[PDB]
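Asker:
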Amino acid sequence: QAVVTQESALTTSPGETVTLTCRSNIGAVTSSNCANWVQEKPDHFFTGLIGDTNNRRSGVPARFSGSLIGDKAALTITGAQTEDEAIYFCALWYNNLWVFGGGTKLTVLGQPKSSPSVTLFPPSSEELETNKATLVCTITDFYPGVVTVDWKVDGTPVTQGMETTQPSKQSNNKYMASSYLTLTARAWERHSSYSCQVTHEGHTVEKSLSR
Amino acid sequence: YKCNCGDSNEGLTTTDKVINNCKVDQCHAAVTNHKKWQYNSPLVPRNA
Amino acid sequence: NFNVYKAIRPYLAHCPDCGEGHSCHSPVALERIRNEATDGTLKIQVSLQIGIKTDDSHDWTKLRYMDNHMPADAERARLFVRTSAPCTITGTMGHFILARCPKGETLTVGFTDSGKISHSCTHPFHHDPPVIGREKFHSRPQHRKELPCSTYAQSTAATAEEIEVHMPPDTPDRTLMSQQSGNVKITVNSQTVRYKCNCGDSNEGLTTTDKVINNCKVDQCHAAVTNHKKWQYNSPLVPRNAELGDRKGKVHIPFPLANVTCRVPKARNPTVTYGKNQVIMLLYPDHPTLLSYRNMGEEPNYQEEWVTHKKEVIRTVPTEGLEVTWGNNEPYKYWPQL
Amino acid sequence: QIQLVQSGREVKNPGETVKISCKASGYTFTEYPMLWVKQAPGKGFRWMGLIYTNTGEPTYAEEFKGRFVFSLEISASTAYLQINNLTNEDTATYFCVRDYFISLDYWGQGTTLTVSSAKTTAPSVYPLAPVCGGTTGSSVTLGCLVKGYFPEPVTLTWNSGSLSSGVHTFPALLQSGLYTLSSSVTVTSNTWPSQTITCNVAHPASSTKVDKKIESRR
Amino acid sequence: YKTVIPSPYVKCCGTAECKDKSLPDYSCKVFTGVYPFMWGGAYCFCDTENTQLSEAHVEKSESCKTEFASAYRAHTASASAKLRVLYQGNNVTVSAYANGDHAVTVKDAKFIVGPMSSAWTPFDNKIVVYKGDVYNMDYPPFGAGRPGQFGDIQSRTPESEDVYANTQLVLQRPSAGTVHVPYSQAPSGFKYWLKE
Amino acid sequence: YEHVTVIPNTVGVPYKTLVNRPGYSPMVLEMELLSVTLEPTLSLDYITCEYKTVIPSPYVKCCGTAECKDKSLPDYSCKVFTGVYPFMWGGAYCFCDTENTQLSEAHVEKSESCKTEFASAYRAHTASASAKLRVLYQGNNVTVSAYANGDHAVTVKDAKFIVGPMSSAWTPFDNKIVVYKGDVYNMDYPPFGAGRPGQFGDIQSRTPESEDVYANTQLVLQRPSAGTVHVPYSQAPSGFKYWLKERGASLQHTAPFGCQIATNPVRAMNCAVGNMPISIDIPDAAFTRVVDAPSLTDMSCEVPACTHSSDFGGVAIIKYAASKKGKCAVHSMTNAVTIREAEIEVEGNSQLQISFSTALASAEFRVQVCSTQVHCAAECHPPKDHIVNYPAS
Amino acid sequence: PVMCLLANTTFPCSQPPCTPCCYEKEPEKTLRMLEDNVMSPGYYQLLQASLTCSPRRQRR
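Protein chains in written order, with the deposited numbering: chain M, 219 to 429; chain E, 195 to 242; chain H, 1 to 338; chain I, 1 to 218; chain D, 51 to 246; chain C, 1 to 393; chain T, 5 to 64.
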């Protein structure tokens with residue numbers, strides 16, 4: 219199986235030469251062995267920074283180099299950035315395919331932080347007749363993706379009725395999703411406002427509404 | 195090195211052939227005996 | 001899901017079975033009565049979406065019918081199937097409906113409308129299947145033998161059926177055009193409106209919006225409503241593809257047949273008098289009961305007769321013997337002992 | 001370049017079968033060297049095979065044949081890596097790898113396939129509008145939540161296509177079998193709730209698509 | 051057998067087109083000059099160029115999976131017997147293939163049973179088996195059946211795919227104003243030789 | 001109309017049959033049966049396999065005598081050899097003095113290749129009538145394969161061809177037949193379960209994968225092994241192994257009547273015998289009206305070459321004068337002459353050279369070219385070689 | 005596996021080229037599919053896997 223003790227770890231700064239210096243569990247793959255240090259990107263985006271084991275791959279940044287490093291797969295991705303979050307997979311080419319390993323998905327230094335802008339829309343007219351009440355703070359640009367939603371509903375933190383959705387991390391270095399006080403008709407008309415308290419890296423914000 | 199792919203489908207080659215977009219059967223190298231002779235029994239593949 | 005009834009729609013039919021001598025474009029026209037089963041259930045496919053929800057779900061008390069170029073559901077109690085009288089309808093899915101109706105020469109299918117418009121479509125349906133066995137039974141027996149007969153079984157899933165659900169026909173309707181002072185002012189009304197205008201030049205055009213062919217008329221116009229919405233079962237009342245080729249559909253058809261064993265009666269043995277070469281059998285059958293007498297040797301002469309009245313047959317005791325099968329029981333053997 | 005147009009979310013049952021297509025560009029299907037690949041749920045690229053251009057179709061891996069079935073719609077410029085008839089533990093991405101540019105020189109787009117079957121109920125789209133007091137700053141949170149749905153495909157957009165800027169989105173995650181998430185478009189104050197802005201949830205099974213308005217309640 | 055009559059090809063505004071769809075009893079007709087009316091009024095928009103290309107084929111019995119008539123090509127018959135004997139005072143039974151060549155040892159006693167002196171069995175040259183009915187009946191040609199007789203929808207086997215039939219498909223010209231294929235048809239041979 | 005012809009039941013002689021229709025031209029046709037299969041009724045009673053003596057391990061009662069039980073197997077050999085002195089490879093198998101008894105038990109068992117190779121003792125039934133035959137008729141070389149009972153009709157090319165039944169009865173089956181892996185050997189099987197010792201069929205399989213075995217192999221238990229556990233047990237050899245040894249000449253060489261006895265299923269293909277009455281319901285389109293026929297008259301059939309040989313070695317330049325062009329049906333109106341062609345395009349005042357010859361050297365034969373009856377008399381040559389490959393005209 | 009193809013590209017049987025979510029949006033597309041796979045091997049199961057409320061618009 220073409221998964222060596224690969225370059226699974228890379229945390230650098232912007233422009234850093236991302237070295238997937240993967241110690242091969244069998245040994246050094248060749249250029250005909252096709253030891254390519256490709257970028258298997260997030261969202262399953264197979265791409266080659268260095269492909270065919272002695273050539274930089276097309277469609278990547280120019281500083282990519284896929285070869286043998288250590289005694290194993292060697293990715294020298296020159297110009298690795300903070301927005302360059304992708305998988306340095308130094309793998310082989312079997313002459314009947316190219317076999318990408320486990321790889322290392324990485325994010326780098328860069329993509330600076332930002333304040334989350336949470337639009338706290340209250341428990342709406344559409345929810346508040348049929349056992350729903352969602353005061354949802356739609357958060358955009360929570361930068362970086364470390365922000366928690368805490369209960370603030372009816373004078374207490376909600377231990378039942380708060381909802382923290384899957385906050386999608388933006389390409390613009392923020393994180394955004396829906397986070398609400400989302401209870402029933404008793405939950406909406408009982409609490410004072412459906413509201414999440416956003417602690418973003420220790421920071422304070424209120425994605426909260428009123429109906 | 196007769197390619198079984200488009201375009202470059204022939205050539206008595208002398209190196210590695212680069213038909214990208216060619217399959218495993220999309221090339222076909224024939225290792226021909228152009229060096230020494232063989233006593234031409236027809237049970238051996240003779241001069242066709 | 002299996003939402004074929006969501007794909008199916010109510011299909012109207014200009015049927016001669018209308019009631020009062022005039023057949024109409026009613027949705028209760030029965031395309032075919034597939035009643036081949038020996039058990040006596042008649043499975044007739046009708047025009048309506050009976051046993052289907054108008055909201056496309058299972059309508060456990062509601063069956064839909066095509067009302068006025070739209071769908072329209074009704075309660076399931078409005079279904080009536082009268083051959084001689086209104087027989088017991090067994091089940092209904094979509095167009096198909098299976099029932100235990102009585103004897104008759106004409107089958108009438110009434111769909112009680114939402115305003116009680118009971119569309120009674122009567123075709124000539126000669127439903128009278130022959131009953132199996134040694135006697136013509138009348139009812140379901142308490143004690144009797146279970147002969148294997150076929151019957152349209154109650155599994156209403158569309159396995160082994162292929163309903164010809166083609167594209168719906170060019171539904172013309174006169175309400176597309178109106179008088180713009182008597183002129184060509186036809187509203188769209190939200191349809192696939194093939195517009196045939198009887199004005200000068202380009203009176204064609206299959207639009208979906210409002211039409212002002214001024215200097216048109218209602219007789220100077222024609223509107224047709226286009227149906228790209230549902231597959232329709234290709235009934236021979238249905239105007240099929242003259243404006244299409246053979247691009248039609250095939251769907252499941254419910255209510256598959258199966259072989260079961262129905263119990264039938266056998267009557268009591270009559271009085272026997274075994275005299276010299278003679279066997280006086282005074283049987284009194286309580287139904288039409290076929291009795292057959294046959295020689296138990298090389299020359300059978302097996303004459304059978306259905307019996308109705310009180311019958312004392314003094315049968316000839318054959319030398320090889322007589323097999324006398326009177327009704328469904330095992331036949332009486334007579335060896336004439338000298 | 002040799003890049004596969006990836007499959008959709010093949011949400012079949014355990015034993016349900018669906019293709020992760022790879023519309024191979026760069027060549028034809030008889031010109032584009034599709035490597036079948038299962039981007040596995042745990043480890044990554046588990047190979048469904050490699051197939052050079054003039055054929056195009058990925059000849060299978062060691063374990064990479066079987067439930068994952070390599071086929072080629074060659075005149076349609078693609079292959080199909082069919083996640084076919086699998087059990088519950090094979091939810092993975094159907095992708096190609098472009099066998100030119102000496103490794104898989106492009107990647108197929110991938111398709112998330114999962115083994116779980118279900119009925120025909122409705123999807124959910126409900127708009128996340130501006131606040132009862134405000135909810136509008138330099139941008140404003142309009143948009144919509146995709147709620148109560150399942151399986152792939154069902155899509156949840158925000159801002160209605162003119163609202164591509166300011167998208168902070170949650171995908172529909174199967175809580176109770178119902179996919180729940182919320183996508184707020186940070187749209188203009190003249191766009192929310194001044195103009196039109198809203199989210200949507202969609203699936204083509206009945207051809208069913210819905211939008212929910214991102215506008216203020218007053 | 052049944053008749054697969056499709057929806058009627060209403061060639062509105064123009065003449066119909068003859069198409070011989072090669073099915074069993076491929077019945078096609080073009081009744082040109084049809085002025086059929088619709089349920090919403092008129093089915094044809096124009097007045098004169100409407101016509102009905104009416105087509106139908108013959109289809110197999112959908113209850114042919116249940117209702118089957120089998121023309122057994124009755125050859126010679128194989129006998130098989132059972133006989134008991136009080137051997138050693140033990141009333142034992144032995145059932146053997148009584149052709150005489152499948153002789154049965156039983157209870158230490160070999161029995162050579164058969165062959166029977168006669169052969170006049172109820173089997174005829176051509177037998178018909180219909181679901182409980184064994185009748186010595188003269189069948190039609192297997193694929194060369196006759197019209198309207200007992201066996202007009204003939205097949206080479208019951209579970210087969212093809213069927214010969216001459217069902218008298220007289221598609222008459224259609225009724226006034228109603229899109230309806232007036233098609234004459236012969237009576238059912240399954241209804242006949244079943245009913246008779 | 002329905003022309004009734006009787007072809008000779010032997011393949012390859014392409015018969016011509018002159019369908020004469022009033023109101024039409026002469027309509028000669030050619031028919032020829034390619035093959036004709038005789039599929040006999042089979043009743044597989046005896047099964048042929050290899051018997052193997054399943055004898056157990058030697059039950060040595062060391063210093064002890066037991067009592068042998070009758071194990072119900074096929075020939076369960078039970079033997080208590082009294083007083084064995086059984087010693088093993090590591091010394092004495094018994095530490096007791098003299099009372100060691102040898103328990104020798106055995107049965108018969110069907111072989112593993114008996115599960116593969118089974119002699120099928122088919123009880124012979126009637127033969128299925130079926131045959132494939134071509135015909136160059138109606139302007140087409142078209143074939144029909146028909147089950148030749150008479151009621152398997154092929155309306156092919158618009159022509160209702162109904163052939164069958166055959167006249168012949170020289171059946172390739174015997175009353176009992178053995179299917180042995182490719183070979184039909186006409187052999188009488190033994191009693192089903194009542195075999196003899198050393199018989200062809202000593203192991204009788206009453207079913208093909210059956211559970212019963214009619215087997216009397218004469219497995220006689222001999223005396224015990226002298227001090228060692230050895231099964232003294234003499235048996236007869238494989239009676240089906242003798243039937244494998246006496247394989248016997250099959251009907252593929254032993255075909256009387258020139259039949260082709262070919263099995264899987266047991267068929268008689270190319271049984272050249274008898275006659276085949278085939279009727280052909282021809283349509284009206286084959287009846288092409290003689291007023292629309294070409295007016296071919298004034299024929300002189302000049303016999304150029306005469307060689308009474310295997311071929312139809314007559315040459316005949318028939319000078320004709322046709323009214324209009326057309327394929328005049330140049331059929332033989334004679335008794336002895338096989339004409340090579342069936343129709344000739346008589347175009348005008350042309351000499352059509354027909355290839356017709358027969359067996360008789362002095363041949364005066366009639367030929368009708370679509371209406372034209374003409375006589376042709378020749379003194380045909382002798383044969384050259386003594387042997388031809390098949391028969392001829 | 006089974007080449008469920010709506011005239012553009014052969015996808016699998018329950019995953020054709022508009023599989024799933026193929027029958028309820030293109031009703032004419034569902035009619036072309038029940039012409040093609042209605043002649044094809046899988047289009048009964050391809051249609052009931054597509055159009056019968058078990059496309060992506062359903063709850064499964």
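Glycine included, each C-beta is placed from N, C-alpha and C at the ideal position.
When the Cα atoms are used, what is the spatial distance from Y15 of chain C to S355 of chain C?
Answerer: Within the sixth sequence, the letter at position 15 stands for residue 15 of chain C. Within the sixth sequence, the letter at position 355 stands for residue 355 of chain C. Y15 of chain C and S355 of chain C: Cα-Cα distance of roughly 15 Å.
Asker: Give the DSSP-derived three-state secondary structure of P172 of chain H in the structure shown.
Answerer: Within the third sequence, residue 172 of chain H is the residue found at index 172, counting from 1. Taken through DSSP and simplified to helix, strand or coil, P172 of chain H comes out as strand.
Asker: Looking at chain M, is there any beta carbon in it that lies within less than 9 Å of the beta carbon of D99 of chain I?
Answerer: In the fourth sequence, residue 99 of chain I corresponds to position 99, counting from 1. It does: the Cβ of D99 of chain I has a partner Cβ on chain M nearer than 9 Å.
Asker: How many whole angstroms separate the CB atoms of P334 of chain M and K392 of chain M, which I take to be in contact at a CB cut-off of 8 Å?
Answerer: In the first sequence, counting from the first residue as 1, residue 334 of chain M sits at position 116. In the first sequence, counting from the first residue as 1, residue 392 of chain M sits at position 174. Right, the Cβ-Cβ distance comes to about 7 Å (below 8 Å), so this counts as a contact.
Asker: Can you tell me the Cα-Cα spacing of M27 of chain C and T372 of chain C, whole angstroms?
Answerer: Translated into positions along the sixth sequence, residue 27 of chain C becomes position 27. Translated into positions along the sixth sequence, residue 372 of chain C becomes position 372. If I take the Cα positions, the gap works out to 13 Å.
Asker: Determine which residues of the stretch 44-60 of chain T have a Cβ less than 9 Å from any Cβ of chain H, and write them out in chain order.
Answerer: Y47, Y48, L51, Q52, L55, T56, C57, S58 and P59
Asker: Applying the 10 Å Cβ sphere with the 16-neighbour rule, what's the burial state of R429 of chain M?
Answerer: On the first sequence, position 211 is the one that residue 429 of chain M refers to. Buried, because 16 or more other Cβ atoms sit within 10 Å of the Cβ of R429 of chain M.
Asker: What is the DSSP secondary structure of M269 of chain C, reduced to helix, strand or coil?
Answerer: What you label residue 269 of chain C is simply residue 269 of the sixth sequence in a count that begins at 1. Three-state result, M269 of chain C: strand.
Asker: Mind listing which residues of the stretch 183-208 of chain H have their C-beta closer than 8 Å to chain D's C-betas, in chain order?
Answerer: The stretch 183-208 of chain H vs chain D, Cβ under 8 Å: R194 and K196.
Asker: Going residue by residue through the stretch 135-170 of chain I, where are the continuous beta strand (DSSP E) segments of at least 3 residues, counting only ones entirely within it?
Answerer: 140-149, 155-157 and 167-169
Asker: Is the shortest distance between the beta-carbon of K110 of chain D and the beta-carbons of chain H less than 9 Å?
Answerer: In the fifth sequence, the residue the question calls residue 110 of chain D occupies position 60. No, because no Cβ of chain H sits closer than 9 Å to the Cβ of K110 of chain D.
Asker: Closest Cβ-Cβ distance between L9 of chain T and chain I: below 9 Å?
Answerer: Against the seventh sequence, residue 9 of chain T aligns to sequence position 5. Yes, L9 of chain T counts as interfacial toward chain I.
Asker: Nearest to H222 of chain E by CA position, among E:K211, E:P239 and E:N234, is which residue?
Answerer: Reading the second sequence from its first residue, position 28 is the one you call residue 222 of chain E. It is E:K211.
Asker: Closest to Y126 of chain I by C-alpha separation, out of I:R67, I:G143 and I:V37, would be which residue?
Answerer: Working through the fourth sequence from its first residue, we reach residue 126 of chain I at position 126. It is I:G143.
Asker: Any beta carbon from chain A within less than 9 Å of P31 of chain T's own beta carbon?
Answerer: As a matter of chain content, chain A is missing from the structure shown, whose protein chains are M, E, H, I, D, C and T.
Asker: The beta strand (DSSP E) spanning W326 of chain H covers which residue range?
Answerer: For the purposes of this step, residue 326 of chain H is taken as the residue at position 326 of the third sequence. Start and end: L322 to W326.
Asker: So what does DSSP say about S355 of chain C, is it helix, strand or coil?
Answerer: To locate residue 355 of chain C, count along the sixth sequence from 1; it is residue 355. DSSP places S355 of chain C in strand when its eight states are reduced to three.
Asker: For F95 of chain C, does the count of other Cβ atoms within 10 angstroms reach 16, so buried, or fall short, so exposed?
Answerer: What you label residue 95 of chain C is simply residue 95 of the sixth sequence in a count that begins at 1. Exposed.
Asker: Using a Cβ-Cβ cut-off of 6 Å (strictly less than) and excluding sequence neighbours within five positions of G363 of chain M, which residues of its own chain qualify?
Answerer: In the first sequence, residue 363 of chain M corresponds to position 145, counting from 1. Answer for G363 of chain M: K387 and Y393, listed in chain order.
Asker: Would you say the stretch 351-366 of chain M touches the stretch 245-260 of chain M, given that touching needs at least three Cβ pairs under 8 Å?
Answerer: no
Asker: Which of the residues in the stretch 46-64 of chain I, read from start to end, lie with their CB under 8 Å from any CB of chain E?
Answerer: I51, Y52, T53, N54, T55, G56 and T59
Asker: How is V4 of chain H classed by DSSP in three states: helix, strand or coil?
Answerer: Here the question's residue 4 of chain H lines up with position 4 in the third sequence. Note: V4 of chain H maps to helix in three-state DSSP.
Asker: Beta-carbon within less than 8 Å of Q19 of chain T's beta-carbon, same chain only, minus the 5 sequence neighbours each way: which residues are those?
Answerer: Within the seventh sequence, the letter at position 15 stands for residue 19 of chain T. Excluding residues within five positions, the ones whose Cβ falls inside 8 Å are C8.
Asker: Looking only at its chain, what residues have a beta carbon closer than 7 Å to the beta carbon of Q235 of chain D, apart from the 5 residues adjacent to it on each side?
Answerer: Taking the fifth sequence and counting its residues from 1, the one referred to as residue 235 of chain D is at position 185. If we look at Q235 of chain D and ignore the five residues flanking it on each side, its Cβ neighbours are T53, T217, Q218 and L219.
Asker: Under 8 Å between beta-carbons, which chain D residues line up against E243 of chain H? List them in chain order, please.
Answerer: Translated into the one-based positions of the third sequence, residue 243 of chain H becomes position 243. Under the 8 Å cutoff, chain D gives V60 and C62.
Asker: Would the beta-carbon of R98 of chain I fall within 9 Å of that of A24 of chain I?
Answerer: Numbered from its first residue, the fourth sequence carries residue 98 of chain I at position 98. Numbered from its first residue, the fourth sequence carries residue 24 of chain I at position 24. Yes.
Asker: Would you check if there are 3 or more beta carbon pairs closer than 8 Å linking the stretch 90-105 of chain C to the stretch 53-66 of chain C?
Answerer: yes
Asker: Would you mind working out which of H:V225, H:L98 and H:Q220 sits nearest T209 of chain H, comparing C-alpha positions?
Answerer: Here the question's residue 209 of chain H lines up with position 209 in the third sequence. Ranking the options by Cα distance to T209 of chain H, first place goes to H:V225.
Asker: What does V131 of chain I reach in chain M if we use C-beta pairs closer than 7 Å?
Answerer: The sequence position of residue 131 of chain I within the fourth sequence is 131, counting from 1. Result: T337, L338, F339, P340 and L427.
Asker: Alpha carbons only, please: which of C:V135, C:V330, C:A215 and C:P283 is nearest the one belonging to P294 of chain C?
Answerer: Locating residue 294 of chain C in the sixth sequence gives position 294, where the first residue counts as 1. The option with the nearest alpha carbon to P294 of chain C is C:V330.
Asker: Three Cβ pairs or more, each shorter than 8 Å: is that satisfied between the stretch 325-339 of chain C and the stretch 3-19 of chain C?
Answerer: yes
Asker: So does the stretch 227-234 of chain H actually touch the stretch 124-142 of chain H, counting three or more Cβ pairs closer than 8 Å?
Answerer: At 8 Å Cβ cutoff, the stretches do not touch.
Asker: Alpha carbon to alpha carbon, how far is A298 of chain M from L35 of chain I?
Answerer: As a first step, residue 298 of chain M must be located in the first sequence, where it is residue number 80. As a first step, residue 35 of chain I must be located in the fourth sequence, where it is residue number 35. C-alpha separation (whole angstroms): 27 Å.
Asker: Report yes or no: is there a C-beta of chain D within less than 9 Å of the C-beta of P16 of chain H?
Answerer: In the third sequence, counting from the first residue as 1, residue 16 of chain H sits at position 16. Chain D contact via Cβ: present.
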